[PDB]
Amino acid sequence: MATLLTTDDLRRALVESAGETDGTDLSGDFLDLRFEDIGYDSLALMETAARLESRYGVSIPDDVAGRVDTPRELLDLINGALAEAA
């Protein structure tokens with residue numbers, strides 16, 4: 001819906017949950033850059049998604065929140081959630 005996250009928005013969330021960072025290699029489309037490769041553990045990732053959950057009034061299944069290997073999956077998952085929630 002209007003509520004949607006693009007790669008740029010998704011980047012922002014990981015920047016926010018990482019704290020004071022430059023955003024490393026999340027520049028542009030990092031959808032193919034795996035979380036393990038950007039030093040992002042599923043726990044941190046859940047917190048990232050958590051910010052998004054709270055912000056967009058959604059809830060992401062705890063299995064799926066740490067089931068995503070690549071940002072593309074996570075982006076799509078939230079896109080599908082935000083398809084219904086706004």
# chains A, B, ... in the order shown; residues from 1 in each chain; ligands from 1
>>> residues_around(residues="range 50-58 of chain A", least_positions_apart="4", cutoff="8 Å", atoms="only C-alpha atoms", output="list in words")
residues 3, 13, 46, 81, 82, 85 and 86 of chain A
>>> residues_around(residues="residue 14 in chain A", least_positions_apart="5", cutoff="12 Å", atoms="only C-alpha atoms", output="ChimeraX atom specification")
/A:7-9,19-27,30,35,38-42,44-52,71,74-75
>>> atom_distance(atom1="CA of residue 59 in chain A", atom2="CA of residue 79 in chain A")
12.1 Å
>>> select_by_dssp(residues="chain A", states="alpha helix (DSSP H)", output="VMD selection string")
chain A and resid 7 to 18 42 to 56 62 to 65 71 to 81
>>> decode(residues="range 31-57 of chain A", atoms="C-alpha atoms", output="mmCIF file, in the first residue's frame")
data_model
loop_
_atom_site.group_PDB
_atom_site.id
_atom_site.type_symbol
_atom_site.label_atom_id
_atom_site.label_comp_id
_atom_site.auth_asym_id
_atom_site.auth_seq_id
_atom_site.Cartn_x
_atom_site.Cartn_y
_atom_site.Cartn_z
ATOM 1 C CA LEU A 31 19.181 -7.010 -1.348
ATOM 2 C CA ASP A 32 21.768 -9.551 -2.515
ATOM 3 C CA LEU A 33 24.124 -8.772 0.355
ATOM 4 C CA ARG A 34 23.410 -11.358 2.930
ATOM 5 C CA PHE A 35 22.939 -10.437 6.568
ATOM 6 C CA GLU A 36 25.751 -12.805 7.649
ATOM 7 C CA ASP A 37 27.996 -10.925 5.236
ATOM 8 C CA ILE A 38 27.041 -7.503 6.584
ATOM 9 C CA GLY A 39 27.543 -8.742 10.149
ATOM 10 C CA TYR A 40 23.864 -8.755 10.949
ATOM 11 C CA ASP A 41 22.589 -11.544 13.128
ATOM 12 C CA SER A 42 19.001 -12.650 13.135
ATOM 13 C CA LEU A 43 18.558 -11.184 16.651
ATOM 14 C CA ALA A 44 19.644 -7.728 15.464
ATOM 15 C CA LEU A 45 17.599 -8.321 12.325
ATOM 16 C CA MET A 46 14.475 -9.046 14.414
ATOM 17 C CA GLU A 47 15.011 -5.766 16.236
ATOM 18 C CA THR A 48 15.312 -4.028 12.864
ATOM 19 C CA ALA A 49 12.118 -5.584 11.707
ATOM 20 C CA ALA A 50 10.725 -4.786 15.169
ATOM 21 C CA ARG A 51 11.162 -1.067 14.568
ATOM 22 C CA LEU A 52 9.366 -1.545 11.295
ATOM 23 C CA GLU A 53 6.628 -3.644 13.005
ATOM 24 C CA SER A 54 5.985 -0.921 15.501
ATOM 25 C CA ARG A 55 6.210 1.910 12.966
ATOM 26 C CA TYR A 56 3.954 0.406 10.307
ATOM 27 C CA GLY A 57 1.649 -1.306 12.743
#
